[PDB]
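Encoded as structure tokens, the following chain is the form deposited in one PDB entry, with no partner shown.
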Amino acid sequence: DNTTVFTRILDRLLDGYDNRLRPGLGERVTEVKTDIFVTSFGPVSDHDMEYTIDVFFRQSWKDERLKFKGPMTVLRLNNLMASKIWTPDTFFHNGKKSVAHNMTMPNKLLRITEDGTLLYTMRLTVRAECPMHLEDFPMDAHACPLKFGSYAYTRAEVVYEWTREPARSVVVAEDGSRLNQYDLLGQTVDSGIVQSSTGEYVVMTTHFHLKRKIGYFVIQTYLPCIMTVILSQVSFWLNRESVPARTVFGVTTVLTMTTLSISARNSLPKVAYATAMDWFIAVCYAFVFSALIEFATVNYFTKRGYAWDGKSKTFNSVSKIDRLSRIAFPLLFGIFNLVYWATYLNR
């Protein structure tokens, strides 16, 4: 008997049902209460200024035409009937190429209750557009939005809500971090209005707050560039008669900074300005450049070719431009690290 009643309920719901028109097209607005469960805040692409997110995207609204009376109170539907029932045209305002999964069946469920309330969830993969301000790279933090709303229906036709308190609506899974470069600090849920050429739409908004971990860039970029500058200052404690040695020591630290400037440059999208790591490399390239101009000034005032033999004619003296540069250049690089790591670990 139950297999006969259930098929006759699903036949009489679609009699006279026009899915082309909104529930209450001239009567009232359609309050669509939305709800998001984030299962993986996927990998954020810095060079594309985008990120990926896997959601169970829930929707709930009331349709008067789908009331029924039967044995059960809630129905479950195959998606052939979910394509015959009206569905709000939610799109993502910053989506780039998002995927509605259908393995192995289309991952959608539509549930009718006896009073007409529809529950419509889907499993999505949304590739959204996150604008980034990389002036403080890598010691920066930016909020990636996930903004959605109706496509054709204005504020006078379809209004979106949340199914509960807005901070409790967007839920992130505890094991669903799935980030390796950033650190998901928490989300913020809000709601807004666009002024399009067609009309005013209701926009739900979720911002995900990300702070970049800088432990990779210290070992790969900062510490070899610090230790190369420490090298090019250590040639000051060599004797002034080491004319091949302090030349060989000087230019090879420049080629080492040239090697480190290339590999640090590849791990960055091509912004139009100086990132915070680029302020560090260009100044560290200047301490290595100026350490060889120091030896070009010492060599101009040497006046001899031989050095101090260990058993003792007249000899050279340790120059004033060497004894000053032993004090000046480690200090001006030490003062620069105090200015750099306090300006950018404050912002």
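Position 1 is the first residue in the sequence shown; the rest follow in order. Definition used throughout: the rigid core is the maximal C-alpha set that superposes within 1.5 Å between two forms.
(Q) With respect to the deposited sequence, is there a break between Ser312 and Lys313 in this entry, and if so is it 1 to 3, 4 to 9, or 10 or more residues, or none at all? (A) Per the deposited record, the segment joining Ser312 and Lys313 lacks coordinates for 10 or more residues.
In what follows, reference is made to the form deposited in another entry, a form of this protein that is not presented.
Can you tell me which of these residues, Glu129, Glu241, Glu157, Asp136, is the one whose C-alpha shifts by at least 2 angstroms between the shown form and the other one after a rigid core fit? Only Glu241 moves by 2 Å or more at its C-alpha.
My question is whether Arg12 is one of the residues whose C-alpha shifts by 2 Å or more between the shown form and the other one, given a fit on the rigid core.
Shift at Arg12: below 2 Å after core fit.
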